[PDB]
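First, one chain by itself: the form deposited in one PDB entry, in structure tokens.
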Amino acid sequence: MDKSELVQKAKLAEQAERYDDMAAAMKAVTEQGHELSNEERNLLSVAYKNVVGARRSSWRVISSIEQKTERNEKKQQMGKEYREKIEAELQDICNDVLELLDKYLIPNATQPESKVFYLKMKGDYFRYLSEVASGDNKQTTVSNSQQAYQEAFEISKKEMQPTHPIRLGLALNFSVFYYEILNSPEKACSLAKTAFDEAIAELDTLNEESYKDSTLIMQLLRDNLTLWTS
């Protein structure tokens, strides 16, 4: 089917708040093997962010409940079976996206913006996997995340302005990656502050709407920078 159809069905899906449909559609467009427009690239990004965010919150909840003082060994068993059911789901979603990034999106990437964007996404859906990973499989995922983030980063430094949202975006998630995954506040605050001060240094020359999305992301960088340092 035409991208046009899939993209419309995907937009319809978004308003309908049905993201499984949305992602499944944006996935179908990706698999056609043609570079996404910045619109189609943001539909996919949004689609899977919600499809996964559901399982993440689901997983976290069942993990907080499984933490509670539960007597019934049965109620404790099903708790694990359910947390693990949700994990396998959380895992499929990540693999599917990481598959798309590897097979279609990242290699077909043509512009520096796109490349950095998909590399940040690669880092994210490894960071997701690392949250519910175990044993040796964990170390692998945690590492892969950092590779993707890091690769994105050196492209953003060399090809993009400090105030560019996609670079501001990368800075945020990567700084967050350090804080939650690797449990390292210093690196987290280090990356955030740098990404922030480099931004205000050239935040006067860019004005109005190029400066809306930028500040919002710099808002979050600043919100984390304060919380973490306190």
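Numbering starts at 1 and runs along the sequence shown. Basically, rigid core = biggest C-alpha set you can superpose within 1.5 Å across the two forms. Residues that one form lacks are left out of the comparison.
Novice: What stretch has the higher average Cα B-factor here, 68 to 76 or 86 to 94?
Specialist: Result: 68 to 76.
Novice: Please compare 162 to 170 with 54 to 62 and name the stretch with the higher mean C-alpha B-factor in the deposited structure.
Specialist: Stretch with the greater average CA B-factor: 162 to 170.
Novice: Based on what the PDB entry reports, which of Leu43, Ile181, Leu203, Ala28 has the top C-alpha B-factor?
Specialist: Answer, based on the entry's C-alpha B-factors: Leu203.
Novice: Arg18: which third of its chain by C-alpha temperature factor?
Specialist: Bottom third by C-alpha B-factor.
Novice: Give the position of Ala47 by CA B-factor within its chain, expressed as the lowest, middle or highest third.
Specialist: Lowest third, going by the recorded CA B-factors of the chain.
Novice: In terms of the CA temperature factor given in the entry, to which third of its chain does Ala148 belong: lowest, middle or highest?
Specialist: Lowest third of the chain for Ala148's C-alpha B-factor.
Novice: Among the modelled residues of this chain, does the Cα B factor of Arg222 put it in the lowest, middle or highest third?
Specialist: Within its chain, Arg222 is a middle-third residue by C-alpha B-factor, going by the deposited values.
Novice: For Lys120, return the chain-relative third of its C-alpha B-factor as stated in the PDB record: lowest, middle or highest.
Specialist: For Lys120, whose C-alpha B-factor we compare with every modelled residue in the chain, the answer is the lowest third.
What comes next is about the form deposited in another entry, which does not appear here.
Novice: Please say whether, between this form and the one not shown, the C-alpha of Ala199 moves by 2 Å or more once the core is aligned.
Specialist: Yes, its C-alpha moves 2 Å or more.
Novice: Given a superposition on the rigid core, I'd like a yes or no on whether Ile166 shifts its C-alpha by 2 Å or more between this form and the one not shown.
Specialist: Yes, the C-alpha position differs by at least 2 Å between this form and the one not shown.
Novice: Go ahead and list the segments of at least 3 residues in a row whose C-alphas all shift 2 Å or more between this form and the one not shown, with the rigid core as the reference fit.
Specialist: Listed in sequence order, the moving runs between this form and the one not shown are 69 to 73, 157 to 230.
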